[PDB]
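Just the one chain here, the form deposited in one PDB entry, laid out as structure tokens.
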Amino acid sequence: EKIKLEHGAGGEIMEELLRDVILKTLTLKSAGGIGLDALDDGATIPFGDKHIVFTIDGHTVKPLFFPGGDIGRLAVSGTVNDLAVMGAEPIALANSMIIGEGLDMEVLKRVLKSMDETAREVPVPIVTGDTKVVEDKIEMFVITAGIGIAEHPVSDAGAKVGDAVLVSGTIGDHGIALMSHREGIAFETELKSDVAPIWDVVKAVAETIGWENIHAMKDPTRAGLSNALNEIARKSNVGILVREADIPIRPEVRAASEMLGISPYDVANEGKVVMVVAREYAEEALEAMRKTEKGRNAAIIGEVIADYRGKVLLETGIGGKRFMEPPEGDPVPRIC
């Protein structure tokens, strides 16, 4: 048996590798809180009356620079966002770079400048790192780890019947922008990735409704909104019912996805959060998001239900329903 691209594509095939190989081989997997077996956006460690949150993400996107961002902005944003969806204020990043021999020094400078600018938006410092140079023709991979502090960690398994399901903005932007750029599809301007740190959106909600009323979150990166909703449903052992008409999609992203023959629900987002909140605070949560710049297009898209446990239903027309199936993997190669 050989490793396939699908094993790193963030969908069901990767999930099989994680459960059958990684989780079964590693034995020490928790430091006292959320650990590897939870397969959440990060891990947690009790520390005093708070929790340290710990995450890591590798980035192998091609091309390194794309409309709306680059591998540097992606590296900072992805790690900040993984901490944010665990309920953690980011406190430090670590930056590993693996660089192909012969890369232009100016490329490395541009990547670092983008990391710096993106980190300053949070704000969060890059406090340690590592650099390796290899003969392989890879251009550059960037791997960032993050530490945050959470007073009240939020899992992807805490959804309750009756809760509202929100997204902080338009869906499909990153994956579709990257595929569109590769295919030469563009409108009045090129479609831009949404890549950005969204700790401010999560914090805004928590400051309004309290951490206890945010029941679950996921960062809908690899394999998209569909993967994220399916994971929350499965891990929380609940059903999720979403109204297709209420899911925000940028008009240009809708058009490009049709041309590409790919669903915007199935591709990576890099500046969005999926959030599940107590029914009675759903409108307060939505208003808090829409007050921020990065959450300006937020919407309530669904609700958690008692039946169809572990499944996600899409409602269309005047009430008809079908399953929103978990992707086998992200249909976009080298997307992040």
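By rigid core we mean the largest C-alpha set that fits within 1.5 Å across both forms. The first residue of the shown sequence is 1; numbering continues from there.
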### Task
Give yes or no for this: do at least a third of the other compared entries, each modelling residues before and after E15, lack coordinates for it?
yes
### Message
For at least a third of the other PDB entries compared, is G69 missing from the model even though its neighbours are present?
### Response
no
### Task
Look over 289-297 and 28-36 in the entry and identify the one with the greater average Cα temperature factor.
289-297
### Task
Taking the mean of the C-alpha B-factors per stretch from the entry, tell me the winner out of 259-267 and 167-175.
259-267
### Query
For the listed residues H59, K272, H51, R279, which one has the largest C-alpha B-factor as given in the deposited model?
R279
### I45, C-alpha B-factor rank within chain (lowest, middle or highest third)
lowest
### Message
Among the modelled residues of this chain, does the Cα B factor of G158 put it in the lowest, middle or highest third?
### Response
middle
### Query
Compared with the other modelled residues in the chain, in which third is the CA B-factor of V124?
lowest
### Query
Considering only modelled residues of the same chain, in which third does the CA B-factor of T208 rank: lowest, middle or highest?
highest
### Query
When the modelled residues of the chain are sorted by Cα temperature factor, does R73 land in the lowest, middle or highest third?
lowest
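Keep in mind the form deposited in another entry is missing from the figure; the text below concerns it.
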### Task
Tell me, please, whether between the shown form and the other one the C-alpha of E328 is shifted by 2 Å or more, with the rigid core used for superposition.
yes
### Task
Say whether the C-alpha atoms of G317 and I171 sit closer together or farther apart in the other form than in the form shown here, given that their separation changes by 3 Å or more.
closer
### Query
Given that the distance between the C-alpha atoms of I56 and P331 changes by 3 Å or more in the other form, do they end up closer or farther than here?
closer
